Amino acid sequence: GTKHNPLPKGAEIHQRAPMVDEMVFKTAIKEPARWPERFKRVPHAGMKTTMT
Amino acid sequence: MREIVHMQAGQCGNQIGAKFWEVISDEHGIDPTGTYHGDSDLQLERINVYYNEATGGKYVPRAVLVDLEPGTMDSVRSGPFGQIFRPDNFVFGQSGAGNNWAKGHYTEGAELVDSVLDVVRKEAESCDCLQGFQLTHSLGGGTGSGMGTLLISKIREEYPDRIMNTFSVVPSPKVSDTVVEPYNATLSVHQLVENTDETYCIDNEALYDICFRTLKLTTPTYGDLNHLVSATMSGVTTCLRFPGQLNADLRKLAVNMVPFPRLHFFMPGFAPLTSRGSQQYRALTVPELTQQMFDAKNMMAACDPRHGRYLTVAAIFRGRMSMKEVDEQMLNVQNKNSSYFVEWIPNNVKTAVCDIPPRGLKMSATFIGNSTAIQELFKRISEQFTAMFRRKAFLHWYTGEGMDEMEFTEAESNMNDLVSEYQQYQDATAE
Amino acid sequence: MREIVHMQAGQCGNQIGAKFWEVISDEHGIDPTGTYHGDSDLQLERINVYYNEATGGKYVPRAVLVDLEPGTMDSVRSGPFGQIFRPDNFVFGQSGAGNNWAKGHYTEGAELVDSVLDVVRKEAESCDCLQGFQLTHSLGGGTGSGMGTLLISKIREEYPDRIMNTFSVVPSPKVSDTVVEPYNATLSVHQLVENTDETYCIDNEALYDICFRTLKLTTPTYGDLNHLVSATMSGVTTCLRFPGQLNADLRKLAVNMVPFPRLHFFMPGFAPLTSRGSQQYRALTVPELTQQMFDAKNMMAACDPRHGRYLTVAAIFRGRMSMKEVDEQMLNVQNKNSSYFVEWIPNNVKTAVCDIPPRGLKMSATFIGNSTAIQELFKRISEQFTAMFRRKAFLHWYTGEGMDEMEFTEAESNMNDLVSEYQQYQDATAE
Amino acid sequence: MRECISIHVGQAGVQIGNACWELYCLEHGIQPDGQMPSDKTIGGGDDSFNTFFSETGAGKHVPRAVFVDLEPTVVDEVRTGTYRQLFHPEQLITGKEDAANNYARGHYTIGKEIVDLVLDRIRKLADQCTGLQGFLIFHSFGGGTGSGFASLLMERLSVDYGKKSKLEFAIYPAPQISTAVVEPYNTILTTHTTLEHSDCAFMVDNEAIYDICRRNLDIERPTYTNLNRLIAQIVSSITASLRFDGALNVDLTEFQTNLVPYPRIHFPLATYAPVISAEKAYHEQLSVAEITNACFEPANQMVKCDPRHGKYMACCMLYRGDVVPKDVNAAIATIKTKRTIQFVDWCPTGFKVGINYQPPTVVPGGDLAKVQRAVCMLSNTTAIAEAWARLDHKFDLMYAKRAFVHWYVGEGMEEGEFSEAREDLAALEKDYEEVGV
Amino acid sequence: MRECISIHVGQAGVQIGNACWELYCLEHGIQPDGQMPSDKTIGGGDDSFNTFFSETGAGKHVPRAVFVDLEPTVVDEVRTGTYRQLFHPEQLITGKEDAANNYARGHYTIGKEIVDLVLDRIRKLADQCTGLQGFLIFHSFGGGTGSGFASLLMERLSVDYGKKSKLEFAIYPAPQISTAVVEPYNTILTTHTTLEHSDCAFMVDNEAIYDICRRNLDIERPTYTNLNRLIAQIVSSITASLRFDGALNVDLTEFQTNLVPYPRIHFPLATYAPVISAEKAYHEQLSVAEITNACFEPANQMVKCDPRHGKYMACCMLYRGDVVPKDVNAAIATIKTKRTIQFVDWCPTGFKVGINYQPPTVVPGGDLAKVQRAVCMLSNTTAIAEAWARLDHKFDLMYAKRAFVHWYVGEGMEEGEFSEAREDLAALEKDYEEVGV
Amino acid sequence: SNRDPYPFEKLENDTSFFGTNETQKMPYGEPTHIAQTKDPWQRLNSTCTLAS
Amino acid sequence: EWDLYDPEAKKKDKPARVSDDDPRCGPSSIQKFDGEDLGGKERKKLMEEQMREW
Ligand SMILES: Nc1nc2c(ncn2[C@@H]2O[C@H](COP(=O)(O)OP(=O)(O)OP(=O)(O)O)[C@@H](O)[C@H]2O)c(=O)[nH]1
Ligand SMILES: Nc1nc2c(ncn2[C@@H]2O[C@H](COP(=O)(O)OP(=O)(O)OP(=O)(O)O)[C@@H](O)[C@H]2O)c(=O)[nH]1
Ligand SMILES: Nc1nc2c(ncn2[C@@H]2O[C@H](COP(=O)(O)OP(=O)(O)O)[C@@H](O)[C@H]2O)c(=O)[nH]1
Ligand SMILES: Nc1nc2c(ncn2[C@@H]2O[C@H](COP(=O)(O)OP(=O)(O)O)[C@@H](O)[C@H]2O)c(=O)[nH]1
Ligand SMILES: [Mg+2]
Ligand SMILES: [Mg+2]
């Protein structure tokens, strides 16, 4: 073909953070993401088993 | 041990289970990235009921996502906790159910059922002590009414003794939203009554009324409805997932709520529910929880328990309370209005008190009732079915796919048999 | 120190060997020039199995590349990792094959057989305890079928006590790259039955299946198809090159998977194999490797393992792992899928365990199966042969180069005899 | 992954295609030379154009439409105007002689010269598809290319693409306003290709759209451009659920299964609300209750026909914009309680709702105001038999004198076509009467 | 070193050679003076020329061709044109008088004077080579030197060289278009050498290439230059598997073995079909499925006979460029599951797929668009018997009352030769129809 | 075979437009040598061109 | 042998591949194939531009 590679194999920019398949997951996620709200637990009856 | 395989069929089941996984991961401390960042070891000791351990702190839910259209896959990946699911469990066909029970069951659901059974066998043979299969779906559609009941069938006659429960968003005359809802519901209730073990029977009308009247909520939308349903699904298994004074898992619930095998159609209810205007007028007590459970407006089914008789009642309380107060508050609600309970089942109330309330709540309580008022929903579906089937309206769509009208005849007749069975078992005397 | 000499016949066999030698060189630390640049001392301990020590730190692969057209030899000689082979094993003609089994077996190719046997005898004399011969070639082509089968016949005649294994890329009726594939495959299978010791059937349709529905891969081309076969070859041969708790050479595999002499057509597999999205959700353990290894969507033959009975199964594991969980997984698969395992052979599964994983992995597995479902592929090839043989189409090419129709009839009769033998031992009862 | 193939036949089909593809280019943000810039498509995915447009090898987008006409006038208007580089030159097929308001000329003489070419182009546009929702055939009943050649094309499409759905949008003649003398003959002759070769037939009426643009858009002299823009709004609202994301998404198969009760009964009435103007949009709050009550009024219908004397058999609500699925249920409850909508006895639940979260786009130089919410109402009603009875009366008025028959007989049509077509339409309106009772 | 000798007989052969060696030089970087700079060579080419051109050891790349024509007009136009210094002077061979559309004057008189000189030049070009794959013979059936002298020459190559493969790119008379009167006689008389002195006999029809040029490349007025450029593109796409790398690259005898089922059946059709103008290529993907369906579309064939009236027997695809096999397999599956493409029952698998890693080169001033993917499909169908029967009837209408026979009789060629050629034509036709049934 | 060697995105086809046209397999009929001894295939295999 | 039956063995483990440029993934671990067209988007864009200019 061409004598010089138009896009050399070493000069590629891979994605970065979590790699995802584009074959089954067509839409991409722009991910600074909103996590849901966290109800603060009740401070004295949150995790206290009746045994303890 | 005591593993549960979750399955969500159709758009409604997918959205409801997505809210369910948000609620469950919030309760267990799982981050939206999938890692565990909780505060106590009680969130980690029973994590294997719904989750699989991966490398690091990753937890993958044991859920199978089925729908016949690819748009639901985008709609369920658009949510928070959308990347926690394994991509191998995203089993989606490239077509669309078209609100057709025959499409979902006989033509294109048959091409997807082998792959869904393969991935459920994947999620089932990895469990050492697999307990049951839960399915969330909606009767009235094409995948929940069709593919969902087909999945119920193959999972049943592959696993005999495992506890099957379906949550079953049944249609309603007032919400409507679909003309062929009577056909889909009538064709699906036949597979519901023969191949399941606990059917929970939610509908959108009672969900709107709950989100509408005791919560105000000027814009009710669908997320709040799925939140209520998800809270109920968490409350029916909090005794399985957390230590408590009285433990009752799904097997004990099926023992204590099913007198006869074709009587497993329950009505749910979850009752620390008040509006934010009424929020500061509360006492926050076990009698308040029990009373707002047994109030005949917080039922997630439009059936009125006053127009019926309670065969069995299950109450799963959650938090730090006293057994004396719990037993007194579920004994006086038999002694006062004993006329709404069956005489031939004495003390027909089973209580299960856990010790870890949901995150942010002091006390919560889940109500399950096997009342004989489910015949109201079934009779409304039948009276809407027998108007269409008399003139055979919209029948060519179903019968051009190999289906016969004798199948509709069986669906209507066996549903009438279920209605008559419920009426006989509510009008039967002691002796 | 049991030496194995490699043969690469045809374009497909040469490219498969090209991938095989670079995966072996990455496992054993040899760079493309030939120098050992590894770190562990266990790499340069059994290097004499595949590598002959030249002057200095140079290690020449013990491989013979055979072709008739110079194109594939020029490709493998000018491509990356192509200067490690000795430039006297590149034996080729100047004419072509024309996808003609007669041009591979009787003329053109038969003139090169003396030179190929010369260089093969030199490479065999270079050994001390040569265990056997390995061949990579494709049925359905030219020199891959005819010249490969002639080489197998001559080597079996010269050394009739050595383990001969072929890797036999069989044609598929769904990829369909050549019209005369039924003739070449039918004439080559007949030679493969009575000459080789074991034959690992490779199918391009199943390779594309495991490239598309397992690894996604978008555009897989031939590189991935050769990579999978090369990894399977390394996983088969790892017990001669690295130590372990439970070792098994090729003769052990042949003894424990060949019940009757005309039963050696195998179904290979390799099963750490997951896509980019599912890397993080997959946890690499022995039950996961066992499940993917016994999955029907992971075989490299076009068979359905659930369409027949597994006569023998062998799994070669690699890595630090529990022999207890390895054994109970190899037994658990039998107890669940006991209907797909034949009854008159109790515990159909052989276990080999090596303690050295492939470079970059912590554990790996390799499947070799002798199921009675390879009669499906043989029946497809036989029916295509008789369909284009009833009208004697494309037969003047084969009969104008010294081949009678008696050879065609004998090949068809013997291959149907092989199919009938597989069907008989599938349908054979216990007692 | 979804695609719909548009076939625009006739002059009315070509002009409706011009307005319709202007609307689609505005909706998907494609410039008239064919390039989509910035590829965001707010309220939808990246592939949201794939229903109507296809990528090329040069990064351009070409529509999945075929504009066929037997006359080189309107096709050359398309090939000369602003949307010149957007269309593939092979997609715009034209003849030499038009059918000249003659069903026989369009069906037996001139149509059997480019029927093979239009089928080949349809085959290419269907082979370049990955999921095919169906075909959208835009034509007029007024005669000629839109009746005879459309009949031939749909007869070939029904035997080739048997499984695929075939929606059609047909311009139906008015009770009084009309522009052709032989158009009762053409309309009677073209009933068979709409009864045995169509899966759903949206019939629009020029007089009804004239009255809508007169009393609602506040313009005294509307024209065919205005009519075609309002017609294109219907199909944009129909395919909104396929293109953009929403709460309740209804594709064409779910649409047909929830709309048509019987295979012969596939003729609904279309309406749109609001069709309000910019100055009138100042003075009322356009909410779900108002737009639903406007859709059921017997003045916003797009066939000159009173549905209060008929019975609604099924209705498809298609909401588009600032719509929450509880206001929908409130409006449906109010409609079910109010009297003039009388539903047929065999349809208890008579509504199918599709809610989309994308407000309709405004076309510059247009008349429709930019609105928060809109709704397209598609109702199968037993009242279209009034229009077909008017057509039968106008056809039997001339067939008794046997006027304008020598043209059809000379061009090749046997005289039994008129008799069997009038018999077919009489039996069909008898079928609607029997379904209604 | 996979050399092939190109022999161009007649004016139609010589003009194809002019349009073909231009493409070969511009593909391999050969200047018209005979040097490779470095730039115009394929990357990694180096010796990739060494199947069409030969080094002299100093830099000169002499083509491996013999241009023959009894008339000294067009060959001296070659000698005067831009490739004046490219060709060896002995490679371009002329007589004094042309055969004047007479098979007798091409085969028995006149043409029996330089056939030995042409054979000596062919022998020199043959023993200059080391790996001679075969001979590609370009001529026409219009008459004279392209029929009689090409018959004599290809006969003597058949009896001399033997095992070398003799491809024929013959130009066939059209069903209706013809530039001469005695073409039926000159085409009947030469079927023996295409029948028993050729290993493969690809045929092209000038009217079919005219129709392809008018529909696809938008040339309303094409000519022999465009026709010969398309033919040269076909031959380049055939031979590139001998020149450049590819995955399943074929070597002449490979697709002969995968193409001809029987020795008498070696007359396939050759369709190069990403054939399109640049303006129309701006609006399509030109993907693998598109360029595969365009081959089986029965309007892109270079012989005027649609294969829908016959059955396919062996299709060899020769793909060029960025064509991954994963798309070629899907295209082959779509072709197999097509309705109208019917394969013969005794050929279950009938696709010889070959891929080359080299996109087509484009000539400046050319009419084809610069695509990156190409298909040359060679298909053996039972539909060339239509052209055989058209030739047969046009021959019988003349031989019924013996028109123009005295010209053939007075120059050798006893009267029974016409009947013998007619009889073997009928035998070949019978063979094709009995294979088709 | 249930193995799918084709990519995920498959273009439409006659099997999706009209329907699946696969028919059945005829039982076998005459045996192989009787089928070989039919006239217009045995004649073609027997008669060979000079080039062949 | 505590590394082989540690209860937190999955807690203290790395999946197989982590990222697109894992040093572990070579030609033997076969978690890195050349078929994954990670530069395929840029190559496709180059082809669109090149067809456009042609
Ligand atoms: N709504 C609308 N209707 C149109 C338009 N153009 C034409 N029509 C309708 O078309 C009818 C006239 O017949 P045509 O559609 O022009 O006939 P044709 O399809 O071009 O076929 P030929 O008569 O052979 O040319 C009129 O009654 C109009 O109702 C338009 O732009 N908008
Ligand atoms: N495609 C194509 N065909 C040509 C060309 N030149 C001539 N022909 C064909 O050749 C036929 C006429 O016969 P010729 O080839 O000229 O005869 P000849 O081989 O030169 O021998 P003479 O009769 O002595 O001139 C015409 O019917 C054309 O179809 C050309 O440049 N391109
Ligand atoms: N509670 C609840 N109901 C829903 C939801 N989505 C849809 N529905 C109801 O389900 C009915 C339609 O079911 P559908 O989703 O189409 O089922 P499918 O076709 O199998 O996916 C409608 O009448 C809705 O009222 C949801 O997220 N929550
Ligand atoms: N897996 C794989 N198959 C190949 C490769 N090259 C060719 N094939 C297959 O081998 C068959 C042709 O065999 P071939 O290599 O030409 O044999 P030869 O004629 O002796 O060179 C074709 O059907 C291809 O599908 C390769 O690199 N990998
Ligand atoms: Mg007109
Ligand atoms: Mg001349």
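Residues numbered from 1 in each chain as written, not as in the entry; some residues may be left out. Chains lettered and ligands numbered in written order. Part of a larger assembly, values for the part shown. Heavy atoms only, no water.

- For this entry, the PDB record names cryo-EM as the structure determination method and reports a resolution of 3.3 Å.

1. Quick look at the pattern of salt bridges
All names here are of chain E.
Okay, so step 1: This structure, assessed with the given rule, holds 94 salt bridges over all chains.
Okay, so step 2: Between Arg320 and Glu27 there is a salt bridge, and its shortest N-O distance comes to 3.5 Å. Here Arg320 is found in strand β10 (residues 312-321), whereas its partner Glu27 is found in helix α1 (residues 10-28), with 293 residues between them in sequence.
Okay, so step 3: Accessibility expressed as a relative area gives 2% for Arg320, which makes it buried.
Okay, so step 4: Taking the relative accessible area as the measure of exposure, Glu27 reaches 3% and is therefore buried.
Okay, so step 5: As a salt-bridge pair, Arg221 and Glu220 come within 3.8 Å of each other at their nearest N and O atoms.
Okay, so step 6: Judged by its relative accessible area of 53%, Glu220 falls in the exposed class.
Okay, so step 7: The network of salt bridges with common partners includes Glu207, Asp211, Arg214 and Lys304. (Salt bridge = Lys/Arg side-chain N within 4 Å of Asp/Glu carboxyl O. Helix = DSSP H or I, 4+ residues; strand = E, 2+ residues; numbered from the N terminus. Buried < 20%, exposed > 50% of the residue type's maximum accessible area, 1.4 Å probe, protein only.)

2. Digging into the site of ligand 2
Residues and elements named next belong to chain E.
Okay, so step 1: Near ligand 2 you find 21 residues, and of these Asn101, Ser140, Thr145, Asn206 and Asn228 are the closest.
Okay, so step 2: At 2.9 Å, a side-chain N or O of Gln15 approaches an oxygen atom of ligand 2.
Okay, so step 3: Here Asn101 contributes a side-chain N or O atom positioned 2.8 Å from an oxygen atom of ligand 2.
Okay, so step 4: For ligand 2, whose unbound accessible area comes to 640 Å², protein coverage reaches 91%.
Okay, so step 5: When the residues that make up the shell around ligand 2 are grouped by side-chain class, the tally is six nonpolar, 13 polar and two charged. (Near = heavy atom within 4 Å. Polar contact = N/O pair within 3.5 Å; in protein donor to acceptor, adjacent residues only side chain to side chain. Areas by Shrake-Rupley, 256 points an atom, 1.4 Å probe, with all protein chains shown as cover. Nonpolar A, V, L, I, M, F, W, Y, C, P; charged D, E, K, R; others polar.)

3. A closer look at the pairing of strand β6 (residues 130-136) of chain B
All names here are of chain B.
Okay, so step 1: Taken across its seven residues, β6 has seven buried, putting it largely inside the fold.
Okay, so step 2: By the bridge criterion, six bridges tie strand β1 (residues 3-9) to β6 in an arrangement that is parallel. For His6, the partnering residue across the bridge sits in β6 and is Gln134.
Okay, so step 3: As judged from the four bridges shared by β6 and strand β7 (residues 163-166), these two strands associate in the parallel manner. Note that in β7 the partner of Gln134 across the bridge is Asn165.
Okay, so step 4: For the handedness criterion, the β-α-β arrangement of β6, helix α6 (residues 143-156) and β7 is classed as right-handed. (Pairing = 2+ DSSP bridges. Right-handed = clockwise from strand over helix to strand, strands pointing away.)

4. Observations concerning the interface of chain B and chain D
Okay, so step 1: Taken together, the contact pairs 30 residues of chain B with 31 residues of chain D.
Okay, so step 2: Interface area for chain B against chain D, summed over the two sides, is near 2,700 Å², with a carbon-plus-sulfur share of 56%.
Okay, so step 3: For the interface between chain B and chain D, the tally reads two salt bridges.
Okay, so step 4: Residues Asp177(B) and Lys352(D) are paired through a salt bridge, measuring 3.7 Å at the closest nitrogen-oxygen approach.
Okay, so step 5: At the boundary of chain B with chain D, the tally comes to 15 residue pairs in polar contact.
Okay, so step 6: Its residues assigned to classes, the side of chain B that touches chain D shows 15 nonpolar, ten polar and five charged. (Contact = heavy atoms within 4.5 Å. Buried area = accessible area lost by both parts, 1.4 Å probe.)

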